[PDB]
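Working notes for the structure below.
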Amino acid sequence: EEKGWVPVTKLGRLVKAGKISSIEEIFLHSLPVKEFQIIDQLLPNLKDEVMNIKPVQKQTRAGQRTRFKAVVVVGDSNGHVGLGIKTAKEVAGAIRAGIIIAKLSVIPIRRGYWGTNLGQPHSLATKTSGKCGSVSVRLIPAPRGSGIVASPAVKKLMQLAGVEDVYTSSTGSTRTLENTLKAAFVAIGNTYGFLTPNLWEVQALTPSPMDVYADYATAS
Amino acid sequence: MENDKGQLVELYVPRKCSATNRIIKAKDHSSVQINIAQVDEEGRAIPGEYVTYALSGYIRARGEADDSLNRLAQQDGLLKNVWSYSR
Amino acid sequence: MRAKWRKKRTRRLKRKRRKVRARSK
Amino acid sequence: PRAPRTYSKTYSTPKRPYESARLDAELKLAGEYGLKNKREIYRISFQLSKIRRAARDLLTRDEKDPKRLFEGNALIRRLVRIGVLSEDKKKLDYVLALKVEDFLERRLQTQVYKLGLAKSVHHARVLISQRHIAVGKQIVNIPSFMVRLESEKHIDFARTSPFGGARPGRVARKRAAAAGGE
Amino acid sequence: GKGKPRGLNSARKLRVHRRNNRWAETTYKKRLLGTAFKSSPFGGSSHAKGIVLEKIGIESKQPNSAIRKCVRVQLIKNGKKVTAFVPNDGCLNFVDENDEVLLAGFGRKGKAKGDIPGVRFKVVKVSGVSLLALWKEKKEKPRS
RNA sequence: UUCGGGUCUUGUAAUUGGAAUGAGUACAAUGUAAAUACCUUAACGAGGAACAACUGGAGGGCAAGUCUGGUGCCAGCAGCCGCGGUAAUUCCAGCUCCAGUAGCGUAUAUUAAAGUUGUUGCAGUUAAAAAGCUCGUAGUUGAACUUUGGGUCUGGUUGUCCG
RNA sequence: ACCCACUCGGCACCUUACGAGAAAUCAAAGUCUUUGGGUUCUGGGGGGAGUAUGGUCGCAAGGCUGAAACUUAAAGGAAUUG
Ligand SMILES: [Mg+2]
Ligand SMILES: [Mg+2]
Ligand SMILES: [Mg+2]
Ligand SMILES: [Mg+2]
Ligand SMILES: [Mg+2]
Ligand SMILES: [Mg+2]
Ligand SMILES: [Mg+2]
Ligand SMILES: [Mg+2]
Ligand SMILES: [Mg+2]
Ligand SMILES: [Mg+2]
Ligand SMILES: [Mg+2]
Ligand SMILES: [Mg+2]
Ligand SMILES: [Mg+2]
Ligand SMILES: [Mg+2]
Ligand SMILES: [Mg+2]
Ligand SMILES: [Mg+2]
């Protein structure tokens with residue numbers, strides 16, 4: 001296709017120059033991503049599918065002005081998820097911008113073992129939870145190959161995550177798909193927010209990629 | 001974190017706050033990483049050699065960022081008696 | 001309707017029923 | 001009053017009856033292996049779930065515990081004797097990793113298909129149903145039969161069957177009689 | 001921290017509190033009071049026979065304009081009278097006056113279904129034969 | 001070079017062939033106290049293989065039609081939301097399709113869903129719900145403190161290095 | 001009697017979310033799916049209904065206790081745009 005992608009931010013300039021090789025460097029230093037093309041460059045195989053299209057109306061003096069809210073989940077099934085929620089006039093544009101936001105909001109997840117680690121991680125590391133609106137989602141580790149015991153939206157979010165086995169429990173008005181998916185997103189991103197005995201030792205604070213490679217930014 | 005044979009399966013072993021030992025989230029868009037330049041005998045800032053402190057977004061939001069940095073710099077011999085361990 | 005006036009109407013129905021019972025007690 | 005012998009269910013219909021992806025997967029598995037109904041996949045999933053409940057219960061117990069040893073190695077030896085679990089992964093942690101397709105694969109239907117004496121899966125189903133394949137001189141008219149490793153080498157057409165060598169059968173005998181008469 | 005007691009010797013009040021709160025439900029209260037046996041047209045009965053008294057149709061609710069063709073039936077088991085609904089296009093004519101009819105539940109836990117007011121019972125069989133067999137002309141009324 | 005052989009395979013056609021087999025009948029024999037019935041098996045027993053599989057549904061929940069004709073807020077359907085007012089994806093039919101399948105549909109009861117009984121594990125400012133307030137028997141609960149250390153020997157069990 | 005500093009107790013108040021909520025908002029309505037300091041009372045969709053009945057208190061007014069039959073797909077809370 002046709003894509004030039006002139007980089008307008010320093011992170012984008014470094015990525016376009018090919019100086020950042022893995023998305024782990026972006027996630028580690030809590031770097032701010034504002035160009036989805038960075039995420040496209042780092043993760044070439046981010047699959048996605050629209051969770052829901054919802055018509056939302058505003059009551060004006062003349063008729064009812066209706067837009068559409070698209071709930072898109074993007075991921076690579078290898079420990080990377082993003083949840084975009086967008087509102088727009090035309091449904092196709094709403095889906096495109098929701099994909100854009102979801103790519104912007106990619107996040108890493110910490111898959112773990114239920115017990116007696118043998119192969120690659122199959123489940124989460126610990127129990128995690130999130131709460132959006134009144135919807136509280138509780139993700140609990142499950143034994144190997146136990147499937148994803150979750151509602152279809154949460155199940156498909158875990159599938160996009162790469163988590164193959166997990167138990168779930170949702171409390172509240174899980175009816176609303178955006179709230180449920182946001183709570184699940186909060187939980188799965190909180191999976192890397194739990195300090196664990198195997199994460200106890202301190203590191204040397206490797207210098208930030210835009211400090212060591214500040215020269216290649218700042219287009220002169 | 002560790003596979004049974006002994007190879008790492010974790011990705012991006014995360015940083016931790018240098019003042020509260022709490023990990024830094026990937027999307028913790030309040031946290032900062034300060035660099036303090038090493039100084040040689042005649043006061044010339046040696047380039048490319050410094051010391052880094054990762055301050056979390058939580059302490060910055062609370063308002064204890066500057067105090068924590070004061071203590072942390074005093075411990076590693078940067079500032080003279082700027083922070084007293086007994087308030 | 002107000003709960004006050006529904007209460008009062010119930011009280012007046014009890015008025016009539018209590019007088020009737022007192023007549024026939 | 002005589003002591004009852006216990007009948008018991010052997011399948012469990014799923015909770016969500018109209019899951020599109022699940023229905024498509026069930027139809028894929030039914031067409032791949034010539035299953036008559038979708039109760040077959042329910043039965044294999046129920047067997048997998050019983051095995052898996054046992055496996056997880058034994059996993060919960062402490063390592064080097066007599067219950068763990070005895071029942072775990074009993075289950076592993078039974079499954080490797082069936083053939084679904086390869087000898088490489090006799091560990092009781094890969095036993096959780098078995099899928100329904102693994103037990104589907106060990107059916108006498110698919111085994112007759114693999115050996116090549118039946119060139120089609122539905123051909124294997126009918127050939128089994130017509131009392132032709134005998135697993136060690138014993139005719140088996142039952143498609144599933146959970147063929148085990150120690151006896152797979154003894155699948156062939158039965159002697160009473162025309163394929164194993166006998167009188168041909170109704171159609172061919174009648175045609176031979178008609179040709180001899182005229 | 002919470003309204004309930006938490007001590008190791010507080011089983012008695014926890015149990016009696018649960019027992020007193022259970023009456024707030026409707027299913028538990030119905031099951032324990034035995035309201036179904038005493039007050040409902042059938043006492044814990046899924047089906048019940050009866051005799052047709054008259055042949056009436058009742059108008060529907062506001063959003064739905066029609067007249068649903070029902071029938072008033074006096075129950076034989078105890079003598080109560082209830083309206084019941086004959087479910088299909090041309091089944092009203094099939095049931096005749098003063099014949100035994102087997103009424104069933106209406107599927108909404110003994111409550112009026114849809115737009116039909118003051119009815120709670122279907123009609124499954126008439127004069128020994130089922131409505132569904134008559135409607136597709138698989139069997140015919142014996143006309144006795 | 002347009003081709004196009006179909007070079008390599010996979011379906012659709014009332015075309016078309018050769019097979020196999022029971023569901024049934026039935027010499028027998030086995031079976032049984034005697035008989036059925038099952039296992040075996042003579043002789044018959046499949047071409048539309050009429051030896052013909054139904055039960056519900058096709059707006060959403062919920063897999064599958066905005067095809068055709070009929071009726072026109074009628075008839076009726078609809079567990080709930082709803083369809084029916086002259087172009088009905090919902091009623092009555094035909095076609096196609098979907099789900100389970102020798103089973104499927106309904107009714108009541110009940111369990112999981114129900115973190116809508118909440119001990120684990122519910123809520124009480126306004127959604128239902130803090131007695132008007134205080135004392136008080138029973139009930140429930142109730143501050144801290146009374147030998148903690150060490151040294152040796154020694155027995156099993158492990159992971160040790162190797163015999 | 002004021003002024004400055006501190007402390008205990010009380011009616012209160014401003015800012016803020018780094019916590020909690022469906023939010024309006026709360027410095028408690030926080031320390032609650034990372035769920036357990038002790039303890040009492042109350043609620044299980046709306047209506048019928050705080051009605052009838054049965055007790056009990058009152059001279060009376062009425063107070064306390066207090067359903068069901070039946071009916072209904074909502075009633076209701078906060079906030080957003082008109
Ligand atoms: Mg009318
Ligand atoms: Mg049909
Ligand atoms: Mg129909
Ligand atoms: Mg139709
Ligand atoms: Mg559908
Ligand atoms: Mg039409
Ligand atoms: Mg509640
Ligand atoms: Mg109010
Ligand atoms: Mg209130
Ligand atoms: Mg109060
Ligand atoms: Mg006491
Ligand atoms: Mg004590
Ligand atoms: Mg109520
Ligand atoms: Mg009231
Ligand atoms: Mg009284
Ligand atoms: Mg309001």
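Residues in the structure tokens are numbered from 1 in each chain, the chains being A, B, ... in the order shown, and ligands are numbered from 1 in the order shown.
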
### Task
Write out as a VMD selection string each polymer residue whose atoms come within 8 Å of range 138-141 of chain E, counting only C-alpha atoms (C1' of nucleotides); drop sequence neighbours fewer than 2 positions from it.
chain E and resid 94 127 129 133 to 136 143

### Task
Report as a ChimeraX atom specification which protein, DNA and RNA residues come within 10 Å of ligand 15, using only C-alpha atoms (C1' of nucleotides) and all ligand atoms.
/G:52-56

For the residues selected in the previous step, produce a file with N, CA, C and O atoms (P, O5', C5', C4', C3', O3' and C1' of nucleotides) as a PDB file, in the first residue's frame.
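Saved as part-v6.pdb:
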```pdb
ATOM      1  P     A G  52     -56.871  -2.179  57.715  1.00  0.00           P
ATOM      2  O5'   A G  52     -57.201  -3.698  57.364  1.00  0.00           O
ATOM      3  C5'   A G  52     -58.361  -4.049  56.621  1.00  0.00           C
ATOM      4  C4'   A G  52     -58.481  -5.545  56.485  1.00  0.00           C
ATOM      5  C3'   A G  52     -58.472  -6.320  57.794  1.00  0.00           C
ATOM      6  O3'   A G  52     -59.756  -6.399  58.389  1.00  0.00           O
ATOM      7  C1'   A G  52     -56.904  -7.276  56.312  1.00  0.00           C
ATOM      8  P     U G  53     -59.910  -6.395  59.988  1.00  0.00           P
ATOM      9  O5'   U G  53     -59.350  -7.818  60.434  1.00  0.00           O
ATOM     10  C5'   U G  53     -59.912  -9.019  59.924  1.00  0.00           C
ATOM     11  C4'   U G  53     -58.984 -10.190  60.134  1.00  0.00           C
ATOM     12  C3'   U G  53     -58.526 -10.414  61.563  1.00  0.00           C
ATOM     13  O3'   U G  53     -59.488 -11.102  62.342  1.00  0.00           O
ATOM     14  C1'   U G  53     -56.659 -10.507  60.122  1.00  0.00           C
ATOM     15  P     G G  54     -59.808 -10.611  63.835  1.00  0.00           P
ATOM     16  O5'   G G  54     -58.633 -11.250  64.695  1.00  0.00           O
ATOM     17  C5'   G G  54     -58.271 -12.611  64.517  1.00  0.00           C
ATOM     18  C4'   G G  54     -56.950 -12.922  65.172  1.00  0.00           C
ATOM     19  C3'   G G  54     -56.659 -12.175  66.459  1.00  0.00           C
ATOM     20  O3'   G G  54     -57.339 -12.718  67.576  1.00  0.00           O
ATOM     21  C1'   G G  54     -54.745 -12.136  65.076  1.00  0.00           C
ATOM     22  P     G G  55     -57.497 -11.846  68.914  1.00  0.00           P
ATOM     23  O5'   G G  55     -56.144 -12.133  69.699  1.00  0.00           O
ATOM     24  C5'   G G  55     -55.591 -11.162  70.571  1.00  0.00           C
ATOM     25  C4'   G G  55     -54.086 -11.211  70.566  1.00  0.00           C
ATOM     26  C3'   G G  55     -53.398 -10.142  71.398  1.00  0.00           C
ATOM     27  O3'   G G  55     -53.341 -10.480  72.770  1.00  0.00           O
ATOM     28  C1'   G G  55     -52.404 -10.222  69.261  1.00  0.00           C
ATOM     29  P     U G  56     -54.175  -9.626  73.845  1.00  0.00           P
ATOM     30  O5'   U G  56     -53.167  -8.466  74.258  1.00  0.00           O
ATOM     31  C5'   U G  56     -51.796  -8.751  74.481  1.00  0.00           C
ATOM     32  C4'   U G  56     -50.928  -7.571  74.136  1.00  0.00           C
ATOM     33  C3'   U G  56     -51.450  -6.215  74.576  1.00  0.00           C
ATOM     34  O3'   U G  56     -51.245  -5.949  75.950  1.00  0.00           O
ATOM     35  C1'   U G  56     -50.728  -6.075  72.340  1.00  0.00           C
TER      36        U G  56
END
```

### Query
Which neighbours of residue 78 in chain B fall inside 9 Å, counting only C-alpha atoms (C1' of nucleotides), when residues of the same chain fewer than 5 positions from it are skipped, and could you give them as an MDAnalysis selection string?
chainID B and resid 36 72:73

Dump N, CA, C and O atoms for the selected residues as an mmCIF file, in the first residue's frame?
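Dumped everything to again.cif:
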```cif
data_model
loop_
_atom_site.group_PDB
_atom_site.id
_atom_site.type_symbol
_atom_site.label_atom_id
_atom_site.label_comp_id
_atom_site.auth_asym_id
_atom_site.auth_seq_id
_atom_site.Cartn_x
_atom_site.Cartn_y
_atom_site.Cartn_z
ATOM 1 N N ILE B 36 21.961 11.916 36.714
ATOM 2 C CA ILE B 36 22.849 12.860 37.380
ATOM 3 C C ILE B 36 24.261 12.600 36.879
ATOM 4 O O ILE B 36 24.774 11.484 37.015
ATOM 5 N N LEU B 72 17.969 9.857 48.158
ATOM 6 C CA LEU B 72 18.655 8.889 47.314
ATOM 7 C C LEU B 72 19.980 9.441 46.805
ATOM 8 O O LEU B 72 20.955 8.696 46.657
ATOM 9 N N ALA B 73 20.034 10.746 46.526
ATOM 10 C CA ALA B 73 21.287 11.370 46.117
ATOM 11 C C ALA B 73 22.242 11.515 47.294
ATOM 12 O O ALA B 73 23.461 11.391 47.128
#
```

Residues within 12 Å of ligand 11, counting only C-alpha atoms (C1' of nucleotides) and all ligand atoms, as a PDB file with N, CA, C and O atoms (P, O5', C5', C4', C3', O3' and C1' of nucleotides), in the first residue's frame:
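pocket.pdb, written as the output of this step:
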```pdb
ATOM      1  P     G F 136     -25.448   0.453  80.326  1.00  0.00           P
ATOM      2  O5'   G F 136     -26.550  -0.689  80.469  1.00  0.00           O
ATOM      3  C5'   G F 136     -27.110  -1.022  81.730  1.00  0.00           C
ATOM      4  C4'   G F 136     -28.098  -2.150  81.594  1.00  0.00           C
ATOM      5  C3'   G F 136     -27.594  -3.347  80.803  1.00  0.00           C
ATOM      6  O3'   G F 136     -26.853  -4.245  81.611  1.00  0.00           O
ATOM      7  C1'   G F 136     -29.687  -2.676  79.948  1.00  0.00           C
ATOM      8  P     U F 137     -26.004  -5.436  80.950  1.00  0.00           P
ATOM      9  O5'   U F 137     -26.908  -6.721  81.206  1.00  0.00           O
ATOM     10  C5'   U F 137     -27.442  -6.977  82.495  1.00  0.00           C
ATOM     11  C4'   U F 137     -28.383  -8.153  82.488  1.00  0.00           C
ATOM     12  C3'   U F 137     -27.971  -9.336  81.630  1.00  0.00           C
ATOM     13  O3'   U F 137     -26.973 -10.149  82.219  1.00  0.00           O
ATOM     14  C1'   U F 137     -30.239  -8.854  81.236  1.00  0.00           C
ATOM     15  P     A F 138     -25.781 -10.729  81.309  1.00  0.00           P
ATOM     16  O5'   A F 138     -26.506 -11.762  80.335  1.00  0.00           O
ATOM     17  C5'   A F 138     -27.164 -12.909  80.855  1.00  0.00           C
ATOM     18  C4'   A F 138     -28.025 -13.589  79.819  1.00  0.00           C
ATOM     19  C3'   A F 138     -27.319 -14.072  78.561  1.00  0.00           C
ATOM     20  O3'   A F 138     -26.608 -15.283  78.741  1.00  0.00           O
ATOM     21  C1'   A F 138     -29.294 -12.947  77.954  1.00  0.00           C
ATOM     22  P     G F 139     -25.110 -15.427  78.172  1.00  0.00           P
ATOM     23  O5'   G F 139     -25.266 -15.200  76.603  1.00  0.00           O
ATOM     24  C5'   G F 139     -25.954 -16.141  75.794  1.00  0.00           C
ATOM     25  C4'   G F 139     -26.021 -15.690  74.357  1.00  0.00           C
ATOM     26  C3'   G F 139     -24.688 -15.390  73.692  1.00  0.00           C
ATOM     27  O3'   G F 139     -24.035 -16.554  73.221  1.00  0.00           O
ATOM     28  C1'   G F 139     -26.195 -13.626  73.258  1.00  0.00           C
ATOM     29  P     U F 140     -22.443 -16.708  73.372  1.00  0.00           P
ATOM     30  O5'   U F 140     -21.857 -15.664  72.323  1.00  0.00           O
ATOM     31  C5'   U F 140     -22.146 -15.787  70.939  1.00  0.00           C
ATOM     32  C4'   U F 140     -21.623 -14.607  70.161  1.00  0.00           C
ATOM     33  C3'   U F 140     -20.195 -14.193  70.474  1.00  0.00           C
ATOM     34  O3'   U F 140     -19.223 -14.986  69.817  1.00  0.00           O
ATOM     35  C1'   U F 140     -21.573 -12.287  70.501  1.00  0.00           C
ATOM     36  P     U F 141     -17.882 -15.416  70.592  1.00  0.00           P
ATOM     37  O5'   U F 141     -17.065 -14.057  70.720  1.00  0.00           O
ATOM     38  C5'   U F 141     -16.639 -13.367  69.557  1.00  0.00           C
ATOM     39  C4'   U F 141     -16.149 -11.978  69.875  1.00  0.00           C
ATOM     40  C3'   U F 141     -15.055 -11.867  70.919  1.00  0.00           C
ATOM     41  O3'   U F 141     -13.769 -12.209  70.435  1.00  0.00           O
ATOM     42  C1'   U F 141     -16.696 -10.232  71.334  1.00  0.00           C
TER      43        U F 141
END
```

### Message
Taking only C-alpha atoms (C1' of nucleotides) and all ligand atoms into account, list the residues no farther than 12 Å from ligand 2, as a PyMOL selection string.
### Response
chain F and resi 53-58+96-99+104

### Task
Find the residues of chain A in contact range of chain B, meaning any atom within 6 Å when counting only C-alpha atoms, and list them as a ChimeraX atom specification.
/A:24,27-28,30,117-118

### Message
List as a ChimeraX atom specification the protein and nucleic acid residues lying within 12 Å of ligand 8, with only C-alpha atoms (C1' of nucleotides) and all ligand atoms counted.
### Response
/F:125-128 /G:75-77

### Task
Give me every strand (DSSP E) residue in range 2-182 of chain D, going by DSSP on the backbone, as a PyMOL selection string.
chain D and resi 133-135+155-157

### Message
Which of range 47-140 of chain E end up as alpha helix (DSSP H) when DSSP is run on this backbone - answer as a list in words?
### Response
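Residues of range 47-140 of chain E classed as alpha helix (DSSP H): residues 131, 132, 133, 134 and 135 of chain E.
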
Please check the contacts: residues of chain E at most 9 Å away from chain F, using only C-alpha atoms (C1' of nucleotides), listed as a JSON list (two decimals) with C-alpha atoms, in the first residue's frame.
```json
[["chain", "number", "residue", "atom", "x", "y", "z"],
["E", 5, "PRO", "CA", -21.29, -11.28, 63.57],
["E", 6, "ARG", "CA", -17.97, -13.00, 62.94],
["E", 7, "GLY", "CA", -17.07, -14.78, 66.19],
["E", 9, "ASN", "CA", -19.34, -19.03, 68.65],
["E", 10, "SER", "CA", -21.85, -17.00, 66.61],
["E", 11, "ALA", "CA", -23.30, -19.86, 64.55],
["E", 13, "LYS", "CA", -27.47, -15.99, 65.30],
["E", 14, "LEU", "CA", -26.02, -16.40, 61.80],
["E", 18, "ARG", "CA", -30.41, -16.52, 57.43],
["E", 19, "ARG", "CA", -33.59, -18.40, 58.36],
["E", 21, "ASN", "CA", -34.14, -13.53, 55.84],
["E", 22, "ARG", "CA", -35.10, -16.50, 53.65],
["E", 24, "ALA", "CA", -37.92, -12.35, 51.78],
["E", 25, "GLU", "CA", -37.72, -14.57, 48.70],
["E", 44, "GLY", "CA", -48.37, -28.74, 42.67],
["E", 45, "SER", "CA", -49.87, -30.09, 39.45],
["E", 46, "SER", "CA", -48.40, -29.57, 35.99],
["E", 47, "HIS", "CA", -51.59, -30.64, 34.19],
["E", 63, "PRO", "CA", -49.97, -2.34, 21.93],
["E", 64, "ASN", "CA", -51.55, -5.56, 20.61],
["E", 65, "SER", "CA", -55.00, -5.35, 19.01],
["E", 66, "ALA", "CA", -56.79, -8.70, 18.66],
["E", 68, "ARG", "CA", -57.46, -14.22, 21.76],
["E", 88, "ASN", "CA", -53.23, -22.17, 17.22],
["E", 89, "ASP", "CA", -54.96, -20.71, 14.13],
["E", 90, "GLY", "CA", -57.97, -22.97, 13.79],
["E", 104, "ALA", "CA", -51.54, -27.28, 31.21],
["E", 105, "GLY", "CA", -49.39, -24.45, 32.51],
["E", 106, "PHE", "CA", -48.90, -21.36, 30.39],
["E", 107, "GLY", "CA", -45.11, -21.42, 30.77],
["E", 108, "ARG", "CA", -44.73, -18.16, 32.72],
["E", 109, "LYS", "CA", -44.73, -19.68, 36.23],
["E", 113, "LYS", "CA", -48.19, -14.43, 29.21],
["E", 114, "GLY", "CA", -47.79, -11.70, 26.62]]
```

Compile a residue-level contact table for chain F against chain A at a cut-off of 12 Å, reporting for every qualifying residue the shortest atom pair and its distance in Å to one decimal, with only C-alpha atoms (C1' of nucleotides) counted, rows ordered by chain and ascending number, as JSON lines.
```
{"residue": "F:114", "atom": "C1'", "partner": "A:171", "partner_atom": "CA", "distance": 11.7}
{"residue": "F:115", "atom": "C1'", "partner": "A:171", "partner_atom": "CA", "distance": 7.1}
{"residue": "F:121", "atom": "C1'", "partner": "A:171", "partner_atom": "CA", "distance": 11.7}
{"residue": "F:122", "atom": "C1'", "partner": "A:171", "partner_atom": "CA", "distance": 11.4}
```

Take the residues that were just selected and, keeping N, CA and C atoms (P, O5', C5', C4', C3', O3' and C1' of nucleotides), output them as a PDB file, in the first residue's frame.
```pdb
ATOM      1  P     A F 114     -24.142 -15.463  37.799  1.00  0.00           P
ATOM      2  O5'   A F 114     -24.784 -15.835  39.207  1.00  0.00           O
ATOM      3  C5'   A F 114     -26.026 -15.268  39.607  1.00  0.00           C
ATOM      4  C4'   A F 114     -26.268 -15.425  41.086  1.00  0.00           C
ATOM      5  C3'   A F 114     -26.002 -16.820  41.642  1.00  0.00           C
ATOM      6  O3'   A F 114     -25.591 -16.709  43.005  1.00  0.00           O
ATOM      7  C1'   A F 114     -28.286 -16.287  41.918  1.00  0.00           C
ATOM      8  P     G F 115     -24.044 -16.877  43.407  1.00  0.00           P
ATOM      9  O5'   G F 115     -23.629 -15.442  43.961  1.00  0.00           O
ATOM     10  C5'   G F 115     -24.384 -14.813  44.992  1.00  0.00           C
ATOM     11  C4'   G F 115     -24.141 -13.324  45.050  1.00  0.00           C
ATOM     12  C3'   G F 115     -24.180 -12.596  43.708  1.00  0.00           C
ATOM     13  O3'   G F 115     -24.767 -11.308  43.881  1.00  0.00           O
ATOM     14  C1'   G F 115     -22.081 -12.244  44.740  1.00  0.00           C
ATOM     15  P     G F 121     -14.876 -14.078  50.157  1.00  0.00           P
ATOM     16  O5'   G F 121     -16.396 -13.618  50.070  1.00  0.00           O
ATOM     17  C5'   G F 121     -16.751 -12.238  50.119  1.00  0.00           C
ATOM     18  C4'   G F 121     -18.247 -12.059  50.097  1.00  0.00           C
ATOM     19  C3'   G F 121     -18.965 -12.513  51.362  1.00  0.00           C
ATOM     20  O3'   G F 121     -20.186 -11.785  51.499  1.00  0.00           O
ATOM     21  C1'   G F 121     -19.671 -13.840  49.557  1.00  0.00           C
ATOM     22  P     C F 122     -20.206 -10.252  51.987  1.00  0.00           P
ATOM     23  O5'   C F 122     -21.102  -9.526  50.887  1.00  0.00           O
ATOM     24  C5'   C F 122     -21.109  -9.985  49.543  1.00  0.00           C
ATOM     25  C4'   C F 122     -22.253  -9.404  48.753  1.00  0.00           C
ATOM     26  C3'   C F 122     -22.591  -7.951  49.044  1.00  0.00           C
ATOM     27  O3'   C F 122     -21.745  -7.049  48.351  1.00  0.00           O
ATOM     28  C1'   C F 122     -24.573  -9.234  49.063  1.00  0.00           C
TER      29        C F 122
END
```

### Length of the CA of residue 56 in chain A to CA of residue 87 in chain A vector [Å]
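Computing the Euclidean distance for CA of residue 56 in chain A and CA of residue 87 in chain A yields 8.5 Å.
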
### Query
What lies within 7 Å of residue 106 in chain A using only C-alpha atoms (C1' of nucleotides), ignoring chain neighbours under 6 positions off, as a ChimeraX atom specification?
/A:80-82

List the spatial neighbours of residue 182 in chain A as a short mmCIF file (atom, residue, chain, number, x, y, z; two decimals) with N, CA, C and O atoms, in the first residue's frame - criterion: any atom at most 7 Å away, only C-alpha atoms (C1' of nucleotides), same-chain residues fewer than 4 positions off excluded.
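Resulting contents of selection.cif:
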```cif
data_model
loop_
_atom_site.label_atom_id
_atom_site.label_comp_id
_atom_site.auth_asym_id
_atom_site.auth_seq_id
_atom_site.Cartn_x
_atom_site.Cartn_y
_atom_site.Cartn_z
N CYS A 132 -14.18 -1.46 35.76
CA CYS A 132 -14.60 -0.31 34.97
C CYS A 132 -16.11 -0.16 35.09
O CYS A 132 -16.85 -1.13 34.92
N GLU A 178 -18.34 -2.56 26.57
CA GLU A 178 -17.18 -1.69 26.74
C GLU A 178 -16.65 -1.75 28.16
O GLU A 178 -15.43 -1.83 28.37
N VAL A 186 -7.87 -3.91 32.09
CA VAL A 186 -7.19 -3.44 33.29
C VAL A 186 -6.57 -4.61 34.04
O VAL A 186 -5.42 -4.53 34.49
#
```

## Note on the structure
Computed gap from CA of residue 194 in chain A to CA of residue 138 in chain A is 14.2 Å

### Message
What does the structure give for the distance between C1' of residue 131 in chain F and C1' of residue 42 in chain G, in Å to one decimal?
### Response
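Distance between the two atoms: 8.8 Å.
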